[PDB]
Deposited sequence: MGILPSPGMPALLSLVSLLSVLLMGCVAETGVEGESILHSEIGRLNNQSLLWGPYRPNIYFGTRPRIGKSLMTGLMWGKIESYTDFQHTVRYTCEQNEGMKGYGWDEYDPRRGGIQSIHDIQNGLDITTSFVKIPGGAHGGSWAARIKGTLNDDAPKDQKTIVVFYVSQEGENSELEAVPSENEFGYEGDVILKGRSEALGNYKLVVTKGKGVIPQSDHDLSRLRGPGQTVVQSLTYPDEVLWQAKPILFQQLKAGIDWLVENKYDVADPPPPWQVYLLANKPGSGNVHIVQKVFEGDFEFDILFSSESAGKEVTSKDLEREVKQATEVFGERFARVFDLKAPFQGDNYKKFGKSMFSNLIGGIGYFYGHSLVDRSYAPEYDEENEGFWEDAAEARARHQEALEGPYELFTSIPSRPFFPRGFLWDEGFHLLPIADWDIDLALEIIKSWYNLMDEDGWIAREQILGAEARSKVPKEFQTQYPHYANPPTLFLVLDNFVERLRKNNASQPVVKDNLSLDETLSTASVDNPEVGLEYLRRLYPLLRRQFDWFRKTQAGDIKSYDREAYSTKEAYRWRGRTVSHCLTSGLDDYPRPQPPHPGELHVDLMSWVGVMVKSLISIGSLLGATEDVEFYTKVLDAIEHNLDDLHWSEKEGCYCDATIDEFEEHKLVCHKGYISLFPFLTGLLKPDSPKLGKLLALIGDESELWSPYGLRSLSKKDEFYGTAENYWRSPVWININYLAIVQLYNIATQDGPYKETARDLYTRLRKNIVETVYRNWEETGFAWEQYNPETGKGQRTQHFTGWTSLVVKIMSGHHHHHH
């Protein structure tokens, strides 16, 4: 019956606007298939369209804002786009209609409305671009009656093994079509919808902007050749209207020009389903999806005081929709260095110079192809899977739709190699690559990232212990199905656990280090003089110089997180021998955190290193790192150490700002130095961890209950209000917040773990 649930999940999730790297586009969860994308831009001159056209997501002066107002990947959503440069407010509605055997049908409305500043007669070019990859696939534009293009709908008829038969329609739409009185109109028509059907090698189909401009340039060349010149030029918009040439091919460009406001529909009808999808279907199903979104939001994200007001609701709906709306399907090769050069072992002083020499051998090669279904940090900047980010993304998503979350976890775990490594950054395919500077593309099999996906698994387990609607929770409602999922995933979790212990081992035995256990000690590979990217806390100060004898307290705590998860899942599956090993490791980590990491002098956990004189030294930089055993839930509610940690957390002159906890203490010598990435700013992911743990202590009999209750109440309020105020002023979720001013800074559109704020508001952990 697990198989039955699987098949239904497949069919439910198959279609989506799963191209979050562009403003609007669709693809199914199939590597080589049918994809769509939208382009638009004002044209006011003979050279401006190349500058105004929109396709891939950006953020700059020219774009006021954009995002999903509502979204569920099972149903669809509505997106808003505020384009200043092009003077347009755009709505893209997307809806899915179940039926047939190929994942069902879908429809989109594209609505553009000029803003108040735009000339009332602005000419806007709109393109709908369709490509299909596959060896045994076909797609064909049905030709027009009229001489020069289309008066009505453009109909494309296609077929593939993946999709069966289907028809994709781009409706006539509503709005003024400009008409040219020029001579050229005798040969090109006065102005109408046009279609060009082209073919290119499959691997370049994603390059829509270049493909389009190539056709425009061919058009212009034709003009010059046929004596259309500056003595009497056609209007710009006619110059950039493609000559109509529909047919078969693996690329179809549908182009319309509007003057003033416009709208039009895209209808994808799966043949194996009922009758074909209509505009009337679109309208009714859009209304229906909104009703269902509304009701689920109110159940799942019931915002508690003092955030129960309508303004906080709108805020919460926007943050959540942007997060879940960011879900993409990615397909293609990864760039991996599979040399396992010995320099990557980092057993020497100065290991970072050796490692750089090894990287400069460029042994990396493409491998796969792989696929991934994942949410993302950011559409305009980071539209791809990041390993420890996805842990935080899935916490709110799991509340919404646990089955969708387990799908994404499975997607991630299917990327794991036989060693137990999953690359921390998943750049699949040339499209995905196009956004990443070369320096940053190669993955290294010795680079870890925090195992945050285990947190999501813990939430699932507690829910398990204690048709779209049915499917969204099938995995907890049918305990047989939940256990089966765990049974299959469990070995991969164990493999990753063992991988951590093998590749991220620290060195106890080779120095003068006494501690309860000789095994438990950890060091992130991959550190440079100034960085430790693999830990997630890019530039958080660490022992100088980096050294093979370093030990990292955050890493040890992540291992504790993992082993606790394995005990809970192992128990469920009756893995007796496994549980007993995990139990000895938990016990060991618990003692060793104290023996190697706890500083009595400073009253917090510290990274460790090895002296000029080969002795163990604590290196203390008060900040998120210092709190880790607490953030990760490893300390007993009655612990004196916890006591000291709560004092640090609450201390205004260290970590506690009006706007949240500082990444680094104001008293640290590295406060606000260098790029100041994790050396003062307030980060929502770590604050979220603090908030959940504070609440944990507040809701249990114990000596710190009341202290925790106070800090929980204040921190919750500080974090939410900072995100909300910024969202109100700017439209944006930000990557981090300034603890002096509360201003959002770094990257916009970070939804992104900033979105955890909906979960903070709804509370009741």
item	value
Stretches with no C-alpha atoms in the model, relative to the deposited sequence starting at 1	1-37, 504-516, 816-819
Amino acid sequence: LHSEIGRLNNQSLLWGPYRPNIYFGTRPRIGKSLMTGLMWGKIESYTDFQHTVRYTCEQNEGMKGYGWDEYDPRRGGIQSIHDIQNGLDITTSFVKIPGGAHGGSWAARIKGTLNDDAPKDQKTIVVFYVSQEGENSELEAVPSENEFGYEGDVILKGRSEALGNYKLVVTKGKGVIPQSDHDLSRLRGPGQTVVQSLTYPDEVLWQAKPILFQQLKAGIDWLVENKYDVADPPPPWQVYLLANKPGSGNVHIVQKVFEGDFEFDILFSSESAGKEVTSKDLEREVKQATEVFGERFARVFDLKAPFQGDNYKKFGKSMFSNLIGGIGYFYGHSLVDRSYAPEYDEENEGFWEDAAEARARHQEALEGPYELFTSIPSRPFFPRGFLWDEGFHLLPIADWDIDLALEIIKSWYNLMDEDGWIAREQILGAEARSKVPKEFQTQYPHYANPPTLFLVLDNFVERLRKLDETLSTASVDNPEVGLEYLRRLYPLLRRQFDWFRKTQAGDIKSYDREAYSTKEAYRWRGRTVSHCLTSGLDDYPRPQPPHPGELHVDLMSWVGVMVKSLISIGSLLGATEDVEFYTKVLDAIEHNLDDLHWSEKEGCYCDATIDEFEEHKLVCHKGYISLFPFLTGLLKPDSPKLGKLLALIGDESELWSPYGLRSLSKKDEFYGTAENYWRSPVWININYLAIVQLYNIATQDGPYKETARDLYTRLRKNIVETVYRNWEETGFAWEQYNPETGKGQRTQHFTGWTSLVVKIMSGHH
From here on, numbers count along this sequence of modelled residues.
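In this text, the rigid core denotes the largest set of C-alpha atoms whose superposition between the two forms falls within 1.5 Å.
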item: Core-fitted comparison in 9 other deposited structures of this protein, 436-444 vs 405-413, farther C-alphas; value: 436-444
item: 572-580 versus 303-311 - which carries the larger mean C-alpha B factor in the record; value: 572-580
item: Higher-B stretch (mean Cα B-factor, as the entry records it), 272-280 or 79-87; value: 272-280
item: Options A162, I422, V529, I110 - largest CA temperature factor per the record; value: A162
item: Options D389, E469, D554, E675 - largest CA temperature factor per the record; value: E469
item: For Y444, the third of its chain into which the C-alpha B factor falls; value: lowest
item: Third of the chain's Cα B-factor distribution that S12 belongs to, per the entry; value: middle
item: For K717, the third of its chain into which the C-alpha B factor falls; value: middle
item: Third of chain Cα B-factors occupied by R27; value: lowest
item: Entry-reported Cα temperature factor of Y704, expressed as the chain third it lands in; value: highest
